[PDB]
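First the structure, in the form of structure tokens, and then the observations on it.
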There are 2 protein chains.
Amino acid sequence: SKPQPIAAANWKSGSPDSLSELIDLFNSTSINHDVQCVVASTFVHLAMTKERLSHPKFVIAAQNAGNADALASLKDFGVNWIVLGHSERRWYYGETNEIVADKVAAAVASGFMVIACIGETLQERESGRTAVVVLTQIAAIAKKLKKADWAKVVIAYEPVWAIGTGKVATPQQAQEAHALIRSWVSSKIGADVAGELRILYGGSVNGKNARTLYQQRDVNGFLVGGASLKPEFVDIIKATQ
Amino acid sequence: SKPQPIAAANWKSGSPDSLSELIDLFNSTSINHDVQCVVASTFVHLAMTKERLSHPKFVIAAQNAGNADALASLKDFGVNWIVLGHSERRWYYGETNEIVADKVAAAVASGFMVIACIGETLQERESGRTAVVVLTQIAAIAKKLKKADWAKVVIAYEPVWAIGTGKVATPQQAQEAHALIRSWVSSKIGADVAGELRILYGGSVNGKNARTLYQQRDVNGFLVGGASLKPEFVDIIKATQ
């Protein structure tokens, strides 16, 4: 039915010691279903996790790449997944739809599994421009990808207003945005591709809200920030059953 | 007499929780005089404050912009004020008078209210080169601004040796530098402009020293770093009466 789900952690902060305790918990956790778990972080924690994380279902990812040289070095360092187009890169650092599109194409060429992020601001949401915004973002990425490349792409839909604010989208809001993105992909690229495509939801996900969100027809997992620094991340992974 | 004063906070560090407590304190504080309050920060706290800060007298600002795309995105994100040419950008990152001048011109074009920072090092101060340094910095900015643009500019004078060191300038030192900058502007651009111009003082300002500094004829407010992370920032705002 639904493609293999992904439960990605976005370690935006935390201390080396507290984090290794988490890694121990994960390593000792049996997941009785097929799900790809991803732990994304910065150089600070990347060396530790790359060596301390042993769970068969987990993989590590870099939080961003500034250029082709970094993609190359990261690849050599042994990192195969990467998160691109995350909120702040777009609104704080000014990366345009075109720029992240180029980054996504480059990463894929270098052989990475890419989690490309998209989402609208509170202003856009309220102005009723969600659908146009989201599709423009996704369209920019598509313009640079060859049909084969989609095999290496995961889309993460995160309303900018839901990230770190405590304000999660509703099962209906998420499902609608995801359904829209999938439709666009199906009609523009192919239904074969659209069906294989994982579209994750990110924006204040936690152990208590995950299942309802996951139950939606078009939600294939989550990109989790805050709750991924806590052991409740385990409940979030179990919610992708 | 003096133009409307500005009490700007420069949140260089701090935790999300501690910071929201401050925002609550601010939001519940009545200021019985006309003053523009500004809370400047990085992407980390910018999303929270933009949503949690409700005080009618407060506005939020970005701590820097790396290029035109960032100015555009920030503008769209809903940020209208920006701090440029701050100490570290000049001495640590190597931004020249010319570069920050260009940044100031660009920001103004994009529609921002700009706090352009200037100031000399301890070496320069001691070598007795304060006046030449400060004027060269300001002159570089002027070379790129059209007379109309000055309406969107606020100048912050912060001796590099006073920032974060605990070593504040004396009411006489600040007043002299401010008087000099205003004179230059008056004779080079116009007295109309010079009079409307807010020149703030920054460099180890606190609740205890603010009033004396503010009492000077040419001091129009403060850019505060350390003390802005504490509730004494309220006393600093009251000092602009």
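Letters A, B, ... mark the chains of the structure tokens in the order given; residue numbers begin at 1 per chain; ligand numbers begin at 1, in order shown.
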
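Residues from chain A found within 10 Å of chain B are residues 12, 87, 88, 89, 90, 91, 92, 93, 94, 95, 96, 121, 122, 123, 124, 160, 161, 163, 164 and 165 of chain A, counting only C-alpha atoms.
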
Restricting it to C-alpha atoms, dump the selection as a tab-separated table (two decimals), in the first residue's frame.
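File produced: again37.tsv:
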```tsv
chain	number	residue	atom	x	y	z
A	12	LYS	CA	19.31	20.60	16.00
A	87	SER	CA	13.28	26.09	6.66
A	88	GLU	CA	16.07	28.26	7.93
A	89	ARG	CA	18.17	27.72	4.83
A	90	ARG	CA	15.30	29.19	2.89
A	91	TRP	CA	14.12	32.04	5.07
A	92	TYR	CA	17.18	32.92	7.12
A	93	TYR	CA	19.98	32.14	4.67
A	94	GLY	CA	18.01	33.03	1.57
A	95	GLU	CA	18.31	29.85	-0.51
A	96	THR	CA	15.88	30.13	-3.40
A	121	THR	CA	4.94	30.33	6.07
A	122	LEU	CA	2.11	31.37	8.42
A	123	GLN	CA	1.51	34.36	6.20
A	124	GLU	CA	1.21	32.14	3.11
A	160	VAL	CA	7.18	26.74	8.56
A	161	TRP	CA	4.74	27.68	11.31
A	163	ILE	CA	8.49	23.74	13.17
A	164	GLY	CA	9.59	24.19	16.75
A	165	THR	CA	6.52	26.20	17.60
```

Using the chain letters and numbers from this document, which residues of segment 10-231 of chain A does DSSP assign to helix (DSSP H, G or I), as a count of residues only?
108

Which distance in Å separates atom CA of residue 154 of chain A and atom CA of residue 108 of chain A, to one decimal?
11.2 Å

DSSP strand (DSSP E or B) selection over segment 24-207 of chain B, as a count of residues only:
29

Name all residues at most 6 Å from segment 216-225 of chain A (count only C-alpha atoms; drop same-chain ones fewer than 4 positions away) and give them as a short mmCIF file (atom, residue, chain, number, x, y, z; two decimals) with N, CA, C and O atoms, in the first residue's frame.
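Done, and the output landed in result-v2.cif:
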```cif
data_model
loop_
_atom_site.label_atom_id
_atom_site.label_comp_id
_atom_site.auth_asym_id
_atom_site.auth_seq_id
_atom_site.Cartn_x
_atom_site.Cartn_y
_atom_site.Cartn_z
N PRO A 5 8.04 3.41 5.22
CA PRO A 5 8.04 4.66 6.00
C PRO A 5 9.42 4.99 6.50
O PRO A 5 10.24 4.09 6.73
N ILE A 6 9.61 6.27 6.80
CA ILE A 6 10.86 6.82 7.30
C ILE A 6 10.59 7.60 8.55
O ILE A 6 9.58 8.29 8.65
N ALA A 7 11.41 7.40 9.57
CA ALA A 7 11.26 8.15 10.82
C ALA A 7 12.63 8.80 10.97
O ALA A 7 13.61 8.12 11.33
N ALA A 8 12.72 10.08 10.59
CA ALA A 8 13.96 10.83 10.62
C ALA A 8 14.05 11.77 11.82
O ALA A 8 13.09 12.44 12.16
N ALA A 9 15.22 11.79 12.46
CA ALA A 9 15.48 12.65 13.60
C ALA A 9 16.34 13.79 13.08
O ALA A 9 17.25 13.58 12.28
N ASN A 10 16.04 15.01 13.53
CA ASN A 10 16.78 16.20 13.12
C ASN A 10 17.39 16.80 14.37
O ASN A 10 16.77 17.62 15.04
N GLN A 175 -2.65 15.78 5.34
CA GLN A 175 -3.16 14.92 4.28
C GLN A 175 -3.47 15.65 2.99
O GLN A 175 -3.22 15.14 1.89
N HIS A 178 -0.05 16.75 1.38
CA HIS A 178 0.59 15.55 0.85
C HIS A 178 -0.13 15.02 -0.39
O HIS A 178 0.51 14.61 -1.38
N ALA A 179 -1.46 15.00 -0.33
CA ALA A 179 -2.25 14.52 -1.46
C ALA A 179 -2.01 15.38 -2.68
O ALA A 179 -1.85 14.89 -3.80
N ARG A 198 7.99 8.77 -1.01
CA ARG A 198 7.74 8.97 0.41
C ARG A 198 7.65 10.49 0.64
O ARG A 198 8.54 11.24 0.21
N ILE A 199 6.56 10.92 1.28
CA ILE A 199 6.33 12.30 1.61
C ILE A 199 6.10 12.24 3.09
O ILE A 199 5.13 11.65 3.57
N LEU A 200 7.03 12.82 3.83
CA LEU A 200 6.98 12.80 5.28
C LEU A 200 6.41 14.11 5.80
O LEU A 200 6.41 15.11 5.10
N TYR A 201 5.92 14.08 7.03
CA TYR A 201 5.38 15.27 7.64
C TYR A 201 6.30 15.71 8.77
O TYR A 201 6.79 14.89 9.55
N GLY A 202 6.56 17.01 8.83
CA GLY A 202 7.41 17.54 9.88
C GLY A 202 6.81 18.83 10.38
O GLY A 202 6.34 19.65 9.60
#
```

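Among the candidates B:168, B:138, B:133, B:153, the one nearest to residue 107 of chain B when counting only C-alpha atoms is B:153.
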
Please, what distance in Å, to one decimal, runs between atom CA of residue 25 of chain A and atom CA of residue 204 of chain A?
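For atom CA of residue 25 of chain A relative to atom CA of residue 204 of chain A, the distance reads 21.9 Å.
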
Find, counting only C-alpha atoms, the residue in B:157, B:2, B:136, B:101 that gets nearest to residue 184 of chain B.
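Using only C-alpha atoms, the shortest distance to residue 184 of chain B belongs to B:136.
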
Long-range neighbours of segment 21-24 of chain A as a ChimeraX atom specification, 10 Å cut-off, only C-alpha atoms, 5 positions minimum in chain:
/A:16,29,39,48-49,52-55,228-231,233

Show me, as a PDB file with C-alpha atoms, in the first residue's frame, the residues that have an atom within 12 Å of residue 238 of chain A when counting only C-alpha atoms, minus same-chain residues fewer than 2 positions from it.
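Below is the file that was written, result30.pdb:
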```
ATOM      1  CA  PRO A   5       8.045   4.656   5.995  1.00  0.00           C
ATOM      2  CA  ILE A   6      10.862   6.816   7.296  1.00  0.00           C
ATOM      3  CA  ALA A   7      11.261   8.153  10.817  1.00  0.00           C
ATOM      4  CA  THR A  29      15.398  -1.097  20.504  1.00  0.00           C
ATOM      5  CA  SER A  30      13.749  -3.796  18.372  1.00  0.00           C
ATOM      6  CA  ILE A  31      11.505  -2.483  15.666  1.00  0.00           C
ATOM      7  CA  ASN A  32       9.225  -5.240  14.433  1.00  0.00           C
ATOM      8  CA  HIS A  33       8.288  -3.652  11.135  1.00  0.00           C
ATOM      9  CA  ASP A  34       9.980  -2.290   8.063  1.00  0.00           C
ATOM     10  CA  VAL A  35      10.915   1.357   8.488  1.00  0.00           C
ATOM     11  CA  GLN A  36      14.054   3.328   7.579  1.00  0.00           C
ATOM     12  CA  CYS A  37      15.241   5.401  10.541  1.00  0.00           C
ATOM     13  CA  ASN A 206       5.514  13.907  19.049  1.00  0.00           C
ATOM     14  CA  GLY A 207       4.725  10.562  20.562  1.00  0.00           C
ATOM     15  CA  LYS A 208       1.118  11.539  21.193  1.00  0.00           C
ATOM     16  CA  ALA A 210       2.216  10.668  15.398  1.00  0.00           C
ATOM     17  CA  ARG A 211      -0.265   7.803  14.830  1.00  0.00           C
ATOM     18  CA  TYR A 214       0.547   8.538  10.088  1.00  0.00           C
ATOM     19  CA  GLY A 221       6.650   9.104   8.006  1.00  0.00           C
ATOM     20  CA  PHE A 222       8.015  12.101   9.866  1.00  0.00           C
ATOM     21  CA  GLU A 232       9.617   9.311  22.913  1.00  0.00           C
ATOM     22  CA  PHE A 233      11.162   9.159  19.445  1.00  0.00           C
ATOM     23  CA  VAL A 234      10.755   5.402  19.913  1.00  0.00           C
ATOM     24  CA  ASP A 235       6.951   5.807  20.153  1.00  0.00           C
ATOM     25  CA  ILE A 236       7.077   7.892  16.981  1.00  0.00           C
ATOM     26  CA  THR A 240       4.658   3.981  11.418  1.00  0.00           C
ATOM     27  CA  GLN A 241       3.301   0.440  11.750  1.00  0.00           C
TER      28      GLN A 241
END
```

Do a neighbour search on residue 61 of chain A at 8 Å with only C-alpha atoms, toss out local chain neighbours closer than 6 positions, and write the hits as a PyMOL selection string.
chain A and resi 38-41+46+79-83

What would the file look like if the residues just selected were written as a compact mmCIF listing (two decimals), in the first residue's frame with C-alpha atoms?
```txt
# COMPACT_ATOMS: atom_id res chain seq x y z
CA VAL A 38 17.47 8.42 9.89
CA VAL A 39 19.44 10.51 12.40
CA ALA A 40 20.43 13.87 10.87
CA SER A 41 22.93 16.21 12.52
CA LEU A 46 28.02 13.28 13.27
CA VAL A 79 27.49 9.79 4.85
CA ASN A 80 24.86 8.72 2.32
CA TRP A 81 21.76 10.69 3.29
CA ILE A 82 21.40 14.45 3.43
CA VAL A 83 18.70 16.96 4.41
```
